[PDB]
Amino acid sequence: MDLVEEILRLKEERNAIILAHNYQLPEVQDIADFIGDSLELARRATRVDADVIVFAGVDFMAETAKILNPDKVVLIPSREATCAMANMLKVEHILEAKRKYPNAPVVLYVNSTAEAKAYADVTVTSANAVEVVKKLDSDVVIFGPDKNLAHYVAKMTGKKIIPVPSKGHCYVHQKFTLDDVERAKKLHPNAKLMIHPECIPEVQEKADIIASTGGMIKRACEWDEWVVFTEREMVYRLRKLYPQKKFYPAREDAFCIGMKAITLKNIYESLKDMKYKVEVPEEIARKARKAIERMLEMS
């Protein structure tokens, strides 16, 4: 079976769009209608004319698309496409922090459950966390789940950051070390380093640019050679966008298992079977939607 041909036909039959994250397998990126980071996928979720969304990404991302498109069918091809860091944050963490700091806005990374977003004042992604936190009317904000992004936000805004939970992090980005920075500079001495803010702070400090994957794409025009400190499928994405540049993985083994639960075959099966339908309870969705819409307004 020609999976690509079958998917193209089913997209037409289902009036479906495929939205893909930047960490998707190359063959999935190649059949997606739109590819982007967390923030771009959320905005693109607000101008969907199609009836069905196939979300080639992890669960919290498909949930966000469903919150913004409650009357469209949102399909996740595997329920094992999940984010380890997003599931570190529970409602009880948020409520405990709200108790200690009732006047602190609750700022939740989009890497969170819809249930957790129901208790947020505003959501953020890596691309807009600093701008959003800067503009909130408070010198202290509750922020999670990623402590490494928390550190970056604190450094850039000067505000006091109350992490929820205590040790939230992404195992993929925590793989990068100072030895990887030293190896990169030795193998590719003419390259600059683009580093995701989910990397540990001492690695962040070695960056030529700190950026979300979306900002990596935006700023890649500033140099012709880059070592890429994020999930390794980002190198494919950058190479396709800028064939005239050179991109090298900082670590080939920087692999997100949840992202790679999505396959060409189960995208085909997703459209064929109309599964797995993503649903968000109306009251959770209403409250999460308020925080997300406020994020999109605050840029």
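Between two forms, the rigid core is the largest collection of C-alphas that superpose within 1.5 Å. For every residue, the number given is its place in the sequence shown, counted from 1.
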Higher C-alpha RMS shift from the shown form in 8 other deposited structures of this protein - 44 to 52 or 27 to 35, rigid core fit: 44 to 52
Quick one: with the core lined up, is it 218 to 226 or 132 to 140 that wanders further in 8 other deposited structures of this protein, going by C-alpha RMS? 132 to 140
Check the entry's C-alpha temperature factors for 74 to 82 and 122 to 130, then say which stretch has the higher mean. 122 to 130
Quick one: higher average CA temperature factor, 255 to 263 or 228 to 236? 255 to 263
Peak C-alpha temperature factor (PDB record), options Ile162, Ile210, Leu136, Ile217: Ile162
Of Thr46, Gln29, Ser270, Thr64, which one's C-alpha B factor is largest in the deposited record? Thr46
Test of reading the entry: by CA B factor among the chain's modelled residues, which third contains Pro102? highest
Sort the modelled residues of this chain by their C-alpha B factor and say whether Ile17 lands in the lowest, middle or highest third. middle
Going by the entry, which third of its chain does the Cα temperature factor of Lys275 land in? lowest
Mind checking which third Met194 falls in for C-alpha B-factor across the chain? lowest
Please place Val52 in the lowest, middle or highest third of its chain by C-alpha B factor as given in the entry. middle
